[PDB]
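The data below hold one chain only, encoded as structure tokens and taken in the form deposited in one PDB entry.
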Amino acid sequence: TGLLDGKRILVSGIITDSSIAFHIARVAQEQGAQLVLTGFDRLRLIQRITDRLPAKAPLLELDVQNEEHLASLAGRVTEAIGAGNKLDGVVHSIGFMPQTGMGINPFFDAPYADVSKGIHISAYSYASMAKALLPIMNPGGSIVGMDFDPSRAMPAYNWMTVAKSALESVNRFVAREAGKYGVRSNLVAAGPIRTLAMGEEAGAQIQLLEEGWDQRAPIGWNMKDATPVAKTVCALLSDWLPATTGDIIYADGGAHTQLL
């Protein structure tokens, strides 16, 4: 069997076992993929977390805001997979926005330094990861990022919505670069997933926002099940979406296709 048999795939963004990346990595491993992982803050804790995947996988440090980490990344990855071997797949599952650009804090009170850091990590970094990894990627490869539909404004998401709008633009441009390698670049726009990234009058906004997805989705939406979005990322890492790039696949129960 194995949708990803033989593929060498870099998966970023594991922080907890509820991380979307954790489930992406699990499903990928279940589908015969050979993985390499990157982690940001507390690598020791992440190692214990990543010890719970179905199989072993090298874990490397990557602070996406660090020039040196990015500069060194491709070399460190070739070490881990073996010289003369290249990546078939790259997963960007990283996002951040300071608290000030987030929930109840007034949209207008988020300082640019805070917004800029959010855009760096959640949007720009998608291009910088591509810059680093494209040199060590095989023809027919696949870059996949994580998106939340920013086409309309909403409560609480605030400046992360802007970052995702920026990220979507970046993706279309990465696709132009990636095509030179016969590599695709796409985003998976997920419904809300109960993650540790994801408070009274603001918690009221979040729940109504959440309850909306399952109501609008013709096939429903389960906030506590990360695996349909995991599967969707693997569909795109696979050879079965060979003619789609610079695009957005919506793994959201169909909520975005329905007004109510």
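Residues that one form lacks are left out of the comparison. Rigid core here is just the name for the largest C-alpha set that superposes within 1.5 Å across the two forms. For every residue, the number given is its place in the sequence shown, counted from 1.
Inset, instruction - Using what the record says, work out whether there is a hole in the model between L208 and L209 and how many deposited residues it spans (none, 1 to 3, 4 to 9, 10 or more). - result: Per the deposited record, the segment joining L208 and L209 has no missing residues.
Inset, instruction - Return whichever of 146-154 and 98-106 has the greater mean Cα B factor according to the PDB record. - result: On average, C-alpha B-factors are higher across 98-106.
Inset, instruction - Select between 200-208 and 32-40 the stretch whose C-alpha atoms have the higher average B-factor in the entry. - result: Taking the mean C-alpha B-factor of 200-208 and of 32-40, the larger value falls to 200-208.
Legend entry - Largest Cα B-factor, entry values, listed residues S72, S116, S169, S93: Top of the list by C-alpha B-factor: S72.
Inset, instruction - Comparing against every modelled residue in the chain, figure out the third that the C-alpha B-factor of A226 lands in (lowest, middle or highest). - result: It falls in the middle third of the chain.
Inset, instruction - Compare the C-alpha B factor of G84 with those of the other modelled residues in its chain, then answer lowest, middle or highest third. - result: Within its chain, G84 is a highest-third residue by C-alpha B-factor, going by the deposited values.
Legend entry - Third assignment of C234 from its chain's C-alpha B-factors: Bottom third by C-alpha B-factor.
Inset, instruction - Divide the modelled residues of the chain into thirds by Cα B-factor and specify which third, lowest, middle or highest, holds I219. - result: It belongs to the lowest third of the chain when residues are ordered by C-alpha B-factor.
Inset, instruction - Report the third (lowest, middle or highest) to which the CA temperature factor of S125 belongs, ranking only the modelled residues of the same chain. - result: Its C-alpha B-factor, which the entry lists for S125, ranks in the lowest third among residues of this chain.
This next part talks about the form deposited in another entry, which is not shown.
Legend entry - Of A55, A235, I206, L45, the one whose Cα moves 2 Å or more between this form and the one not shown after core superposition: Comparing the C-alpha positions, the one residue that moves 2 Å or more is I206.
Legend entry - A204 and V162, C-alpha gap in the other entry relative to this structure (3 Å or more): Compared with this form, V162 and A204 lie farther apart in the other entry.
Legend entry - Displacement runs between this form and the one not shown, C-alpha, 2 Å or more, three or more consecutive residues, core aligned: Residues 199-212 form the single run that moves by 2 Å or more between this form and the one not shown.
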